[PDB]
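The structure appears below as C-alpha cells.
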Amino acid sequence: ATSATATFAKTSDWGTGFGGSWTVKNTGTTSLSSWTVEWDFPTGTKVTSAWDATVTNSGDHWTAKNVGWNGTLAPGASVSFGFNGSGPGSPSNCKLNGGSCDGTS
C-alpha cells in the first residue's frame with residue numbers, strides 16, 4: 001500500500017532441491033532505484049544458483065540484488081526473480097528495502 005511490497009513463491013522442488021521464486025513490486029513510493037530483498041536462512045539452506053538476481057550469502061544471512069550497481073528504476077513497476085537452492089525451501093525474515101515486506105514475512 002503506497003510503498004514497496006514482496007511475496008514468496010514456489011517454482012519447483014526435485015527431491016532435496018527447491019526452486020525459490022520471490023516477487024518484487026515497487027508502486028506508490030517516490031522514485032525508486034534498486035530492490036534488495038534479504039532474509040534469514042536458519043534451516044539447512046543455501047542458494048546454489050540464482051538467475052535474474054545476484055543472491056549473496058554471509059554466515060547465516062542472505063540477500064538478493066539485481067540493480068545494486070546502477071540503482072535506476074521508476075517509482076512504479078513490478079519484477080520477479082527466481083533461483084535454485086539445496087534444502088527445504090522455507091525461508092523467513094523477509095525484509096527488503098531496509099526492512100519492508102507485505103503479505104508475507
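Ordered as shown in the C-alpha cells, chains take letters A, B, and onward, while each chain numbers its residues from 1 and ligands are numbered from 1 in the order shown.
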Neighbour list for residue 4 in chain A as a PyMOL selection string, cut-off 12 Å, only C-alpha atoms, skip fewer than 2 positions in-chain: chain A and resi 1-2+6-7+23-37+74-79+95-103
Write a file of the just-selected residues containing C-alpha atoms, as a PDB file, in the first residue's frame.
ATOM      1  CA  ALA A   1       0.000   0.000   0.000  1.00  0.00           C
ATOM      2  CA  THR A   2       1.607   3.219  -1.235  1.00  0.00           C
ATOM      3  CA  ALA A   6       7.007  -8.509  -1.912  1.00  0.00           C
ATOM      4  CA  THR A   7       5.826 -12.109  -1.593  1.00  0.00           C
ATOM      5  CA  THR A  23       8.076 -11.377  -6.153  1.00  0.00           C
ATOM      6  CA  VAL A  24       9.108  -7.717  -6.168  1.00  0.00           C
ATOM      7  CA  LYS A  25       6.723  -4.819  -6.779  1.00  0.00           C
ATOM      8  CA  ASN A  26       7.522  -1.122  -6.366  1.00  0.00           C
ATOM      9  CA  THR A  27       4.424   1.074  -6.583  1.00  0.00           C
ATOM     10  CA  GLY A  28       3.271   4.090  -4.596  1.00  0.00           C
ATOM     11  CA  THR A  29       6.546   5.272  -3.084  1.00  0.00           C
ATOM     12  CA  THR A  30       8.637   8.005  -4.703  1.00  0.00           C
ATOM     13  CA  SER A  31      11.174   7.386  -7.469  1.00  0.00           C
ATOM     14  CA  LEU A  32      12.969   4.111  -6.755  1.00  0.00           C
ATOM     15  CA  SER A  33      16.473   2.959  -7.691  1.00  0.00           C
ATOM     16  CA  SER A  34      17.038  -0.701  -6.829  1.00  0.00           C
ATOM     17  CA  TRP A  35      15.409  -3.588  -4.961  1.00  0.00           C
ATOM     18  CA  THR A  36      17.259  -5.572  -2.294  1.00  0.00           C
ATOM     19  CA  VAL A  37      15.373  -8.464  -0.700  1.00  0.00           C
ATOM     20  CA  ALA A  74      10.893   4.152 -11.722  1.00  0.00           C
ATOM     21  CA  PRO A  75       8.511   4.740  -8.787  1.00  0.00           C
ATOM     22  CA  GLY A  76       6.089   2.336 -10.440  1.00  0.00           C
ATOM     23  CA  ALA A  77       6.924  -1.142 -11.711  1.00  0.00           C
ATOM     24  CA  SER A  78       6.969  -4.869 -10.949  1.00  0.00           C
ATOM     25  CA  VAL A  79       9.662  -7.523 -11.357  1.00  0.00           C
ATOM     26  CA  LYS A  95      12.971  -7.931   4.778  1.00  0.00           C
ATOM     27  CA  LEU A  96      13.597  -5.764   1.714  1.00  0.00           C
ATOM     28  CA  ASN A  97      14.350  -2.082   1.120  1.00  0.00           C
ATOM     29  CA  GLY A  98      15.805  -1.906   4.618  1.00  0.00           C
ATOM     30  CA  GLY A  99      13.062  -3.763   6.448  1.00  0.00           C
ATOM     31  CA  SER A 100       9.940  -3.921   4.291  1.00  0.00           C
ATOM     32  CA  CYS A 101       7.592  -6.713   3.216  1.00  0.00           C
ATOM     33  CA  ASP A 102       3.815  -7.097   2.993  1.00  0.00           C
ATOM     34  CA  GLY A 103       1.607 -10.142   2.516  1.00  0.00           C
TER      35      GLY A 103
END
Quick one: everything within 7 Å of residue 41 in chain A, counting only C-alpha atoms, minus sequence neighbours fewer than 6 positions away in the same chain. Send it as a PDB file with N, CA, C and O atoms, in the first residue's frame.
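Generated file (result.pdb):
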ATOM      1  N   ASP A  60      24.929 -16.631   8.096  1.00  0.00           N
ATOM      2  CA  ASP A  60      23.590 -17.197   8.217  1.00  0.00           C
ATOM      3  C   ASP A  60      22.554 -16.286   7.568  1.00  0.00           C
ATOM      4  O   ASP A  60      21.359 -16.589   7.564  1.00  0.00           O
ATOM      5  N   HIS A  61      23.017 -15.165   7.020  1.00  0.00           N
ATOM      6  CA  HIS A  61      22.130 -14.209   6.369  1.00  0.00           C
ATOM      7  C   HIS A  61      22.327 -14.228   4.857  1.00  0.00           C
ATOM      8  O   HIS A  61      23.433 -14.456   4.367  1.00  0.00           O
ATOM      9  N   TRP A  62      21.246 -13.990   4.122  1.00  0.00           N
ATOM     10  CA  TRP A  62      21.300 -13.981   2.664  1.00  0.00           C
ATOM     11  C   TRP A  62      20.622 -12.736   2.102  1.00  0.00           C
ATOM     12  O   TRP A  62      19.758 -12.143   2.748  1.00  0.00           O
ATOM     13  N   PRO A  91      12.234 -20.247   3.673  1.00  0.00           N
ATOM     14  CA  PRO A  91      12.922 -19.048   4.160  1.00  0.00           C
ATOM     15  C   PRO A  91      12.060 -18.232   5.116  1.00  0.00           C
ATOM     16  O   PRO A  91      10.843 -18.409   5.174  1.00  0.00           O
ATOM     17  N   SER A  92      12.697 -17.338   5.865  1.00  0.00           N
ATOM     18  CA  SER A  92      11.988 -16.495   6.821  1.00  0.00           C
ATOM     19  C   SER A  92      12.668 -15.136   6.957  1.00  0.00           C
ATOM     20  O   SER A  92      13.743 -14.910   6.406  1.00  0.00           O
TER      21      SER A  92
END
Who sits within 9 Å of residue 88 in chain A, only C-alpha atoms, same chain under 6 positions skipped, as a PyMOL selection string: chain A and resi 13+16-18+43-45
Keeping only N, CA and C atoms, write those residues as a CSV table (one decimal), in the first residue's frame.
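In the end it all went to again_37.csv:
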chain,number,residue,atom,x,y,z
A,13,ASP,N,10.5,-28.1,-6.8
A,13,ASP,CA,11.5,-28.8,-6.0
A,13,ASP,C,11.6,-30.3,-6.4
A,16,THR,N,15.5,-33.1,-3.0
A,16,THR,CA,16.1,-32.3,-2.0
A,16,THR,C,16.3,-30.8,-2.5
A,17,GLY,N,16.2,-30.6,-3.8
A,17,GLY,CA,16.3,-29.3,-4.3
A,17,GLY,C,15.0,-28.6,-4.4
A,18,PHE,N,15.1,-27.2,-4.2
A,18,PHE,CA,13.9,-26.4,-4.3
A,18,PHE,C,14.1,-25.1,-5.1
A,43,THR,N,17.4,-22.8,8.8
A,43,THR,CA,17.4,-24.2,8.5
A,43,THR,C,18.3,-24.5,7.3
A,44,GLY,N,18.9,-25.7,7.3
A,44,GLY,CA,19.8,-26.0,6.3
A,44,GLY,C,19.4,-25.6,4.9
A,45,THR,N,19.9,-24.5,4.4
A,45,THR,CA,19.5,-24.0,3.1
A,45,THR,C,20.6,-23.1,2.6
If we count only C-alpha atoms, what is near residue 21 in chain A at a cut-off of 7 Å, once residues fewer than 2 positions away on the same chain are taken out, given as a PDB file with N, CA, C and O atoms, in the first residue's frame?
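Result file follows (result.pdb):
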ATOM      1  N   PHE A   8       6.618 -14.368  -1.206  1.00  0.00           N
ATOM      2  CA  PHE A   8       7.362 -15.587  -1.500  1.00  0.00           C
ATOM      3  C   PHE A   8       6.525 -16.544  -2.344  1.00  0.00           C
ATOM      4  O   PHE A   8       5.304 -16.611  -2.200  1.00  0.00           O
ATOM      5  N   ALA A   9       7.193 -17.283  -3.225  1.00  0.00           N
ATOM      6  CA  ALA A   9       6.511 -18.238  -4.091  1.00  0.00           C
ATOM      7  C   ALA A   9       7.384 -19.460  -4.353  1.00  0.00           C
ATOM      8  O   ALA A   9       8.594 -19.433  -4.126  1.00  0.00           O
ATOM      9  N   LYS A  10       6.764 -20.534  -4.832  1.00  0.00           N
ATOM     10  CA  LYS A  10       7.484 -21.767  -5.128  1.00  0.00           C
ATOM     11  C   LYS A  10       7.574 -21.999  -6.631  1.00  0.00           C
ATOM     12  O   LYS A  10       6.609 -21.776  -7.363  1.00  0.00           O
ATOM     13  N   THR A  11       8.737 -22.448  -7.089  1.00  0.00           N
ATOM     14  CA  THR A  11       8.953 -22.711  -8.506  1.00  0.00           C
ATOM     15  C   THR A  11       8.872 -24.203  -8.807  1.00  0.00           C
ATOM     16  O   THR A  11       8.023 -24.645  -9.580  1.00  0.00           O
ATOM     17  N   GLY A  19      13.078 -24.705  -5.808  1.00  0.00           N
ATOM     18  CA  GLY A  19      13.194 -23.506  -6.619  1.00  0.00           C
ATOM     19  C   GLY A  19      12.499 -22.314  -5.993  1.00  0.00           C
ATOM     20  O   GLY A  19      11.271 -22.260  -5.939  1.00  0.00           O
ATOM     21  N   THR A  23       8.794 -12.370  -5.362  1.00  0.00           N
ATOM     22  CA  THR A  23       8.076 -11.377  -6.153  1.00  0.00           C
ATOM     23  C   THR A  23       8.346  -9.968  -5.640  1.00  0.00           C
ATOM     24  O   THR A  23       8.132  -9.672  -4.465  1.00  0.00           O
ATOM     25  N   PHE A  81      12.145 -12.535  -9.573  1.00  0.00           N
ATOM     26  CA  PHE A  81      13.389 -13.263  -9.794  1.00  0.00           C
ATOM     27  C   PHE A  81      13.346 -14.630  -9.118  1.00  0.00           C
ATOM     28  O   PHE A  81      12.857 -14.767  -7.997  1.00  0.00           O
ATOM     29  N   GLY A  82      13.863 -15.643  -9.809  1.00  0.00           N
ATOM     30  CA  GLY A  82      13.874 -16.986  -9.261  1.00  0.00           C
ATOM     31  C   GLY A  82      15.279 -17.513  -9.047  1.00  0.00           C
ATOM     32  O   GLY A  82      16.256 -16.866  -9.423  1.00  0.00           O
ATOM     33  N   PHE A  83      15.381 -18.691  -8.439  1.00  0.00           N
ATOM     34  CA  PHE A  83      16.678 -19.304  -8.172  1.00  0.00           C
ATOM     35  C   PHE A  83      16.512 -20.753  -7.725  1.00  0.00           C
ATOM     36  O   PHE A  83      15.394 -21.248  -7.590  1.00  0.00           O
TER      37      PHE A  83
END
Which residues are near residue 63 in chain A? Cut-off 6 Å, only C-alpha atoms, ignore same chain within fewer than 2 positions. Put them as a PDB file with C-alpha atoms, in the first residue's frame.
ATOM      1  CA  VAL A  37      15.373  -8.464  -0.700  1.00  0.00           C
ATOM      2  CA  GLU A  38      17.148 -10.342   2.091  1.00  0.00           C
ATOM      3  CA  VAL A  55      21.963 -13.860  -4.491  1.00  0.00           C
ATOM      4  CA  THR A  56      24.769 -13.448  -1.960  1.00  0.00           C
TER       5      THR A  56
END
Residues flagged strand (DSSP E or B) by DSSP in chain A, as a ChimeraX atom specification: /A:3-10,14,17-27,36-40,47-51,54-58,61-65,76-86,92-96
Non-local contacts of residue 53 in chain A (7 Å; only C-alpha atoms; under 3 positions in same chain excluded) as a PyMOL selection string: chain A and resi 50+64-66+81
Mind dumping the selected residues with N, CA, C and O atoms as an mmCIF file, in the first residue's frame?
data_model
loop_
_atom_site.group_PDB
_atom_site.id
_atom_site.type_symbol
_atom_site.label_atom_id
_atom_site.label_comp_id
_atom_site.auth_asym_id
_atom_site.auth_seq_id
_atom_site.Cartn_x
_atom_site.Cartn_y
_atom_site.Cartn_z
ATOM 1 N N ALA A 50 21.474 -18.687 -8.750
ATOM 2 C CA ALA A 50 20.439 -17.666 -8.850
ATOM 3 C C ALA A 50 20.421 -17.036 -10.240
ATOM 4 O O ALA A 50 21.471 -16.752 -10.815
ATOM 5 N N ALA A 64 19.434 -10.728 -1.912
ATOM 6 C CA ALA A 64 19.300 -10.807 -3.361
ATOM 7 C C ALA A 64 19.173 -9.418 -3.976
ATOM 8 O O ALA A 64 18.296 -8.638 -3.602
ATOM 9 N N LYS A 65 20.054 -9.113 -4.922
ATOM 10 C CA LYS A 65 20.041 -7.817 -5.592
ATOM 11 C C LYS A 65 20.259 -7.977 -7.092
ATOM 12 O O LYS A 65 20.807 -8.982 -7.546
ATOM 13 N N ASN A 66 19.827 -6.981 -7.859
ATOM 14 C CA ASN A 66 19.976 -7.012 -9.309
ATOM 15 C C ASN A 66 20.565 -5.702 -9.824
ATOM 16 O O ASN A 66 21.551 -5.701 -10.561
ATOM 17 N N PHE A 81 12.145 -12.535 -9.573
ATOM 18 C CA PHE A 81 13.389 -13.263 -9.794
ATOM 19 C C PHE A 81 13.346 -14.630 -9.118
ATOM 20 O O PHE A 81 12.857 -14.767 -7.997
#
